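Shown next, in structure tokens, is the structure this report addresses.
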Amino acid sequence: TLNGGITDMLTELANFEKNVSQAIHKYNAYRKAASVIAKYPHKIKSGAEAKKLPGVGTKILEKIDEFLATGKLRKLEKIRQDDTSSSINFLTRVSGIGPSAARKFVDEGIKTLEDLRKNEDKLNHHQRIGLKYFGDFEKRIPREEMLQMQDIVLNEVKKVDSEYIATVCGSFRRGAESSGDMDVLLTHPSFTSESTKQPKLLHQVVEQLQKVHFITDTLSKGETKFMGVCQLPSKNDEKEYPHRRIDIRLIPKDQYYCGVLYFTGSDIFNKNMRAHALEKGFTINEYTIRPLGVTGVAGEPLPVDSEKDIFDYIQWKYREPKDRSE
DNA sequence: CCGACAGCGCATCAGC
DNA sequence: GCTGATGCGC
DNA sequence: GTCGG
Ligand SMILES: Cc1cn([C@H]2C[C@H](O)[C@@H](COP(=O)(O)OP(=O)(O)C(Cl)(Cl)P(=O)(O)O)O2)c(=O)[nH]c1=O
Ligand SMILES: [Cl-]
Ligand SMILES: [Cl-]
Ligand SMILES: [Mg+2]
Ligand code: NA
Ligand code: NA
Ligand code: NA
């Protein structure tokens with residue numbers, strides 16, 4: 001909020017490059033610049049001052065100078081006025097419509113919420129459910145609701161098998177006062193990097209959450225990742241809660257710490273951390289941290305017994321979840 | 001200058 | 001059907 | 001769009 005004007009401008013530029021230009025590197029550059037400026041503990045007085053931060057170069061410095069002098073950016077003012085860019089940007093707000101489908105729909109005259117509704121047969125399943133809950137999926141989730149959702153998910157998982165461990169990650173684990181969705185890390189001792197003693201480990205949990213009418217819709221589902229929709233139950237005569245996005249990730253139990261580091265994020269934090277790992281000669285994914293040889297080929301998984309072990313390998317002081325909101 | 005930019009599950013489609 | 005590329009979203 | 005080498 002200290003530099004909220006600038007970071008909003010950069011986020012809108014990032015969205016334009018991703019959604020309209022399909023220029024993924026410009027998208028990530030703008031997001032990195034917005035992240036470093038959001039973290040900067042001073043009210044930026046000039047582009048030159050912002051250029052000192054890593055990820056802000058000459059181009060963004062000049063945009064910041066325009067924004068500070070005038071309160072706006074002509075480039076963005078023209079983008080807002082362009083019907084084609086505005087239409088593509090809007091459609092990507094539906095879950096499952098990305099930049100390519102958005103431009104395909106616009107090209108064939110499908111430009112608004114009603115166009116989508118009257119053309120539901122042009123949508124795949126994910127897009128159909130994203131359209132159905134368009135308004136709901138724009139709402140934030142109060143942390144008090146996240147706590148009730150956690151209670152349901154952990155207890156229903158416990159009812160399936162007491163040896164499951166479900167961990168709510170995402171912004172919730174970083175202590176945020178509100179979240180965009182619910183991310184659940186799941187483990188069971190039957191599923192390790194060495195063996196899967198039991199099938200349908202994820203299915204059984206999903207099935208149970210559907211049975212109690214917590215999970216209401218499916219966006220995608222495989223043996224280790226479920227992405228879908230859920231809803232808190234409401235009380236008598238009470239308006240319903242919005243439907244909410246939920247993601248469940250089943251990770252081999254012996255890879256919990258890499259999985260919980262990954263699912264806790266933020267996404268930019270993970271990108272920064274994984275980039276730094278590469279510079280230190282390691283690669284990090286949600287399963288393992290491995291060394292890189294002189295060929296750059298990933299070696300064998302290093303032993304990991306805590307989140308901090310992962311930080312230790314890349315020579316970073318440990319950062320608590322609440323300081324990973326980048 | 002310029003190569004690299006984090007890493008991967010699931011859905012869908014083309015080609016065979 | 002399988003395989004590989006692409007889209008999308010974490 | 002930015003940056004390390
Ligand atoms: C999108 C994305 C995610 N994650 C990891 C890190 C992410 O933290 C984790 C969950 O993804 P989610 O999109 O739900 O991100 P949240 O942090 O929970 C959030 Cl603040 Cl955007 P909100 O959901 O509360 O609105 O997955 C990544 O590693 N890379 C990615 O590109
Ligand atoms: Cl690009
Ligand atoms: Cl791995
Ligand atoms: Mg989340
Ligand atoms: Na800089
Ligand atoms: Na979308
Ligand atoms: Na998520």
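Chain identifiers are assigned alphabetically (A, B, ...) following the order of the sequence lines, protein sequences preceding nucleic acid strands; residue numbering begins at 1 within each chain.
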Base, sugar-phosphate or nothing for [X]? Non-hydrogen atoms, less than 4.0 Å.
{"X": "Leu202(A)", "result": "nothing"}
{"X": "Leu278(A)", "result": "sugar-phosphate"}
{"X": "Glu223(A)", "result": "sugar-phosphate"}
{"X": "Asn272(A)", "result": "nothing"}
{"X": "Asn270(A)", "result": "nothing"}
{"X": "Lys221(A)", "result": "sugar-phosphate"}
{"X": "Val36(A)", "result": "nothing"}
{"X": "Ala23(A)", "result": "nothing"}

Nearest of [options] to any side-chain atom of [X]?
{"X": "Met227(A)", "options": "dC8(C), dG7(B), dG9(C)", "answer": "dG9(C)"}
{"X": "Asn285(A)", "options": "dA6(B), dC8(C), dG7(B)", "answer": "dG7(B)"}
{"X": "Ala29(A)", "options": "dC8(C), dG1(D), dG7(B)", "answer": "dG1(D)"}
{"X": "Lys59(A)", "options": "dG1(D), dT12(B), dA6(B)", "answer": "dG1(D)"}
{"X": "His25(A)", "options": "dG9(C), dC5(B), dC8(B)", "answer": "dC5(B)"}
{"X": "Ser100(A)", "options": "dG7(B), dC8(C), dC10(B)", "answer": "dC8(C)"}
{"X": "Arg245(A)", "options": "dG9(C), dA6(B), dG1(D)", "answer": "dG9(C)"}
{"X": "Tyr30(A)", "options": "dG1(D), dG7(B), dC10(B)", "answer": "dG1(D)"}
{"X": "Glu286(A)", "options": "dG1(D), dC8(B), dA6(B)", "answer": "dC8(B)"}

Rounding to a whole Å, what distance do you find between [X]:[atom1] and [N]:[atom2]?
{"X": "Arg128(A)", "N": "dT12(B)", "atom1": "CZ", "atom2": "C1'", "result": "17 Å"}
{"X": "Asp247(A)", "N": "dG9(C)", "atom1": "CG", "atom2": "P", "result": "12 Å"}
{"X": "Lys18(A)", "N": "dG7(C)", "atom1": "NZ", "atom2": "P", "result": "11 Å"}
{"X": "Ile251(A)", "N": "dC8(B)", "atom1": "CD1", "atom2": "P", "result": "11 Å"}
{"X": "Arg290(A)", "N": "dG7(B)", "atom1": "CZ", "atom2": "P", "result": "9 Å"}
{"X": "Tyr27(A)", "N": "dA4(B)", "atom1": "OH", "atom2": "P", "result": "23 Å"}
{"X": "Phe226(A)", "N": "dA11(B)", "atom1": "CZ", "atom2": "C1'", "result": "15 Å"}
{"X": "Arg103(A)", "N": "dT6(C)", "atom1": "CZ", "atom2": "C1'", "result": "17 Å"}

From CA spacing to verdict: side chain to side chain contact (heavy atoms under 4.5 Å, CB included), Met182(A), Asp247(A): CA-CA 6 Å; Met182(A) 166 166 274; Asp247(A) 298 326; over 6 Å; no
Validation row: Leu302(A), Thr288(A) side chains within 4.5 angstrom (heavy atoms): no
Flag side-chain contact, heavy atom, 4.5 Å: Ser193(A) against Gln255(A): yes
Pair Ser325(A)-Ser266(A), side-chain donor/acceptor within less than 3.5 Å: no
Identified side-chain hydrogen bond (donor to acceptor under 3.5 Å, both in side chains) counterpart of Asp217(A) within the set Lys132(A), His243(A), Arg128(A): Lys132(A)
Pucker class of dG1(D), where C1'-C2'-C3'-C4' positive means north and negative means south: south
Check this one for me: any side-chain N or O of [X] less than 4.0 Å away from OP1 or OP2 of [N]?
{"X": "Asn28(A)", "N": "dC5(B)", "answer": "no"}
{"X": "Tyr287(A)", "N": "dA6(B)", "answer": "no"}
{"X": "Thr224(A)", "N": "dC10(B)", "answer": "yes"}
{"X": "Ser220(A)", "N": "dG9(B)", "answer": "no"}
{"X": "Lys225(A)", "N": "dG9(B)", "answer": "no"}

Euclidean distance for P, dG4(D) against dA6(B) (whole angstrom): 15 Å
Within the 6.0 Å centroid threshold, strictly below: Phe90(A) and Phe134(A): yes
Centroid distance under 5.5 Å and plane angle under 30°, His126(A) vs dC8(C): no
Donor-acceptor pair, side chain of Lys18(A) and main chain of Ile24(A), under 3.5 angstrom: no
Aromatic ring pairing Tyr313(A)/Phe282(A), orientation class (parallel under 30°, perpendicular over 60°, tilted between): tilted
Verify stacking: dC5(B) then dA6(B), 5.5 Å distance, 30° angle limits: no
